[PDB]
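These protein sequence lines map, in sequence, to chains 6 and e. Read left to right, the first sequence gives residues 260 to 463, 498 to 509 (PDB author numbering). Read left to right, the second sequence gives residues 260 to 463, 498 to 509 (PDB author numbering). We put the CB at the ideal spot given by N, CA and C, even for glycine.
Protein chains: 2
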Amino acid sequence: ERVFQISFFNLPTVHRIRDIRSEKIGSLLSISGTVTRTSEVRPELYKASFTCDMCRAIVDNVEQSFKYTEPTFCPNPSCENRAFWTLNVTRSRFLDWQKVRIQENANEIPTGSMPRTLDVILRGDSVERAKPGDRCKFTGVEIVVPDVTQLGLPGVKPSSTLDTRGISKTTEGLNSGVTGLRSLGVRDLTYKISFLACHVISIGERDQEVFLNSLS
Amino acid sequence: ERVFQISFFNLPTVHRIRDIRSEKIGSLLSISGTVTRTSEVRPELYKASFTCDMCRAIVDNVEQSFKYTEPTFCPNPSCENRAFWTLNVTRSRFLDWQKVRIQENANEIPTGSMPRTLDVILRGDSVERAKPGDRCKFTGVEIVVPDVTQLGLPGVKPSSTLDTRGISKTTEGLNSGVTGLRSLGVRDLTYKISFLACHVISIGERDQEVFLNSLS
Ligand SMILES: [Zn+2]
Ligand SMILES: [Zn+2]
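Now the structure itself:
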């Protein structure tokens with residue numbers, strides 16, 4: 260089946276990057292900004308499929324939110340199993356994924372200002388439609404992204420937040436992190452605001502036979 | 260559904276009680292003898308139905324051979340459960356059951372003999388068709404019946420072969436009992452020969502309107 264997408268446009272009012280508050284999280288918005296960095300078109304895991312190690316039973320359509328999620332309770336028999344699955348990478352569905360960095364326009368920047376930034380996520384057919392240096396108007400939903408490293412990623416590769424640079428001492432303990440959840444353990448979960456975009460617009498052949506076709 | 264029965268008769272040769280050997284176990288035979296005792300028509304459990312204590316899931320059609328058998332693996336993988344079921348006596352199917360004791364005929368008995376005996380099982384529609392003192396010809400299958408008391412009956416009522424009389428010392432250790440099975444444990448299982456019968460035959498109103506109906 261074709262994973263469908265719905266693209267909204269022509270919203271009444273447009274927002275700037277400095278109007279982004281947490282009270283619009285989950286709402287449909289439109290924003291404007293200048294693109295300054297784009298990444299590769301990576302494949303994102305959409306509908307996962309696994310096989311039980313012992314039964315060989317097949318599970319399909321396991322939704323994933325922000326981290327690699329395997330199924331829990333086994334399928335149709337008596338077999339008891341909490342883990343040890345094998346992803347069937349061939350059966351699983353994937354999608355295109357891209358991350359772009361944008362900053363404020365030259366006019367919205369005050370007289371003395373260090374420009375604010377944001378992370379916009381393009382997915383599906385909207386990849387590569389924003390090029391660095393251009394001025395583009397995005398529209399989508401404002402979301403919040405947690406730190407998955409302290410959410411217990413399967414591999415040892417995360418290695419509990421390995422770092423190369425020193426974090427800010429000013430916001431050490433000032434950034435309010437929630438605790439209590441069993442998956443976290445004694446850890447503290449943190450959040451940051453990002454944007455997810457569904458529609459992108461920009462606001463800033499010598500063959501005779503094919504040429505005659507286009508014109509009215 | 261009607262639990263059906265098949266009744267065979269008119270076999271070529273008939274056997275006496277003293278021709279019963281273990282090498283015909285499972286075969287279709289016909290025997291003759293004089294009935295000397297009959298029991299009540301008790302209900303036998305045919306198709307059992309249970310409900311899981313926690314899930315409340317319903318299992319049905321659990322076959323039983325010679326002892327009260329509950330299911331093992333649950334209907335749903337989720338809840339794990341090896342025991343603690345509740346028989347749904349209303350949903351279960353039952354059948355009629357009767358045990359009759361027979362002995363050898365007056366002619367087949369030698370000049371000096373203590374008559375041999377046998378246990379014949381009548382089931383279904385064949386109950387009460389054999390009356391004590393009569394001479395009847397049975398036909399069915401020769402089976403073997405184990406001792407269920409040492410097969411781990413659920414209740415404490417069996418109390419590991421409670422007895423009121425003293426067993427034979429002559430056959431103490433002489434009766435060959437098999438061991439090794441995990442259900443038995445270190446116990447020894449014993450067998451005895453009985454007969455299961457499917458067809459029985461015997462070989463030894499002042500109302501005018503209804504009377505006129507029967508005659509040709
Ligand atoms: Zn399994
Ligand atoms: Zn259950």
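*Kindly examine ligand 2 and report whether one of its heavy atoms sits closer than 8 angstroms to the Cβ of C395 (chain e).*
At a threshold of 8 angstroms, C395 (chain e) does not count as near ligand 2, since its beta carbon sits no closer than that to any of the ligand's heavy atoms.
*Would you check if the region 405-414 of chain e and the region 368-385 of chain e touch, i.e. whether three or more CB-CB distances between them fall below 8 angstroms?*
no
*asked:* Among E303 (chain 6), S351 (chain 6), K326 (chain 6), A456 (chain 6), whose alpha-carbon lies nearest the alpha-carbon of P417 (chain 6)?
replied: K326 (chain 6)
*Under the criterion of a Cβ to heavy atom distance below 8 angstroms, does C338 (chain 6) qualify as lining ligand 1?*
Checking the Cβ of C338 (chain 6) against ligand 1 gives yes.
*So with Cβ pairs under 9 angstroms, would you call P336 (chain e) a contact of chain 6?*
The beta carbon of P336 (chain e) sits closer than 9 angstroms to some beta carbon of chain 6.
*asked:* Please classify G392 (chain e) as buried or exposed, where buried requires at least 16 neighbouring CB atoms within 10 angstroms.
replied: exposed
*asked:* Taking the beta strand (DSSP E) that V407 (chain 6) belongs to, which residues open and close that run?
replied: Element bounds for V407 (chain 6): n/a, residue is neither H nor E.
*Residues of chain e with CB under 7 angstroms from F332 (chain 6), in chain order?*
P336, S337
*Express the C-alpha separation of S298 (chain e) and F397 (chain e) in angstroms, rounding to a whole number.*
In a straight line, the C-alpha of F397 (chain e) is about 17 angstroms away from that of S298 (chain e).
*Terminal residues of the continuous beta strand (DSSP E) containing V379 (chain 6)?*
376-382
*From what residue to what residue does the beta strand (DSSP E) around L421 (chain e) run?*
First-last for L421 (chain e): undefined, no H or E at that position.
*Starting from the C-beta of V321 (chain e), find all residues in its chain whose C-beta is less than 8 angstroms away, skip the five residues before and the five after it, and write them out in chain order.*
Same-chain partners within the cutoff: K306, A307, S308, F309, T328, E329, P330.
*Is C457 (chain e) near ligand 2, with its Cβ less than 8 angstroms from a heavy atom?*
no
*Can you give me the Cβ contacts of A365 (chain 6) inside the same chain, cut-off strictly under 6 angstroms, excluding the 5 residues immediately before and after it?*
none
*Enumerate in chain order the residues of its own chain whose CB-to-CB distance from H274 (chain e) is below 7 angstroms, with the five nearest sequence positions on each side excluded.*
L288, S289, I290
*Can you name the start and end residues of the alpha helix (DSSP H) that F504 (chain 6) belongs to?*
501-507
_Beta-carbon contacts of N335 (chain e) that lie in its chain and below 7 angstroms, excluding the five residues immediately before and after_ = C314, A316
*So which of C395 (chain 6), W356 (chain 6), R441 (chain 6), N434 (chain 6) has the shortest CA-CA distance to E303 (chain 6)?*
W356 (chain 6)
*Taking the C-alpha atoms as reference points, what is the distance between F504 (chain e) and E498 (chain e)?*
8 angstroms
*Start and end residues, beta strand (DSSP E) containing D355 (chain 6)*: 352-362
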